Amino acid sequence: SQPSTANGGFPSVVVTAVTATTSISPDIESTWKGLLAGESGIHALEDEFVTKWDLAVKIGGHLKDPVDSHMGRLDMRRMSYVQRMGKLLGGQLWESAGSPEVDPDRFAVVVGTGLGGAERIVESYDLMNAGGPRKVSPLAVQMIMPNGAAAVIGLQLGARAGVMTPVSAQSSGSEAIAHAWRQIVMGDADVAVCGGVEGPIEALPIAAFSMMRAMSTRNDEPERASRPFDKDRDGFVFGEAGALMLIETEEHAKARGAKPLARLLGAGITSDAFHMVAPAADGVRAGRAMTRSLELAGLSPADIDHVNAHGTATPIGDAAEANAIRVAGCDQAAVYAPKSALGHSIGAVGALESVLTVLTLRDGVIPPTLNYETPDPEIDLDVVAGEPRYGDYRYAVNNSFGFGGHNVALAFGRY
């Protein structure tokens, strides 16, 4: 029989610190308390750009505390936005972990993002068109490259056991934590900072996603717009975020006196080979990512108390995910869809939701899924709604999926 976390074939990996910035709060513990209290981060957008272009979408969640309020003159000129978010969160995470001195040669970083420093592409383009090739910054390459945010964090914190950036669109932040877990269990690292970062809401990203016709335009009631698993859902809402966690072997954590928040037990990654921007309706490969995380953890489907759904509030996305949860045998788990309150942050969002899954285990509580008002018969799931649901949750799976047909499931356990 093959190695699992349960049979001791893989070393035990624990989560020992988490950090996130969201549309509710810069403080992840305050985001968590706000979720439990039924708070939404989704508001009318007041940006000039909305009026300038008369955008059909006029709602979204900007960060409560803008990243650039924390950035000095040189950081504004030498990093792209996702790099600035990565530096800010990396520093916060390391402080939260008690600023440990670790062996850099056993310390990895794995941070996903959906796109990278794209604003610096269009700035460089305009600069060159206006003034020629000598107007392009010598730092343009290193700001633009999508591994840029990960590399910033690796340099900031001193990681020498690998710095990796997987990109898989809306699953990138979960996929990064999966690859960090693989790097540890394969013996290449003992500690890893991992998660996802993403840019802010801006006109051109809203335009591009709007022409796919999958965004909510419930502009008169922003907080009611994101309705994952609800019968009247009508597309997703942007909500800014970035999120990192620190994971390490249990023996490394114990040696330094760190108190684990949860266990990261297993990771499954599959793909649909179905359609570029629609999930397979049958949920089969997505369900197999969940199953694979269980096999690696040493769990059975009946052990899973909780699923943190990718739950984007698109009609076809939530339906496919409900089928995937059935395929995995996890459809008696209690389900939360955090995008109901925090919206969608693309490359960051699977990291953010993995951090929420950790807090559910730590605190034995699931926040209500907002806007869940009319159960949908196609979606036969136990969606937590109305008020928090408390329980002694032992094991949970966090789901994330991405354009391209990427499926990533992470299996966490209570510590």
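One-based numbering along the sequence shown.
Across the two stretches, 97 to 105 and 266 to 274, the PDB entry reports the greater mean Cα temperature factor for 97 to 105. Relative to one another, 217 to 225 and 142 to 150 have unequal mean CA B-factors, and 217 to 225 is the one with the higher figure.
Residue set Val237, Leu74, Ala243, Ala176: peak C-alpha B-factor at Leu74 (per PDB entry). Remark: of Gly195, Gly343, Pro260, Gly287, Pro260 shows the highest value [criterion: C-alpha B-factor in the PDB entry]. In this PDB entry, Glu321 carries a Cα temperature factor that places it within the lowest third of its chain's modelled residues.
Annotation for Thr19: C-alpha temperature factor in the middle third relative to the rest of the modelled chain, per the entry. Ranked against the other modelled residues of its chain, the C-alpha B-factor of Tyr395 as given in the entry falls in the middle third.
Compared with the other modelled residues of the chain, the Cα B-factor recorded for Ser69 ranks in the highest third. The PDB entry assigns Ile28 a C-alpha temperature factor belonging to the highest third of its chain's modelled residues.
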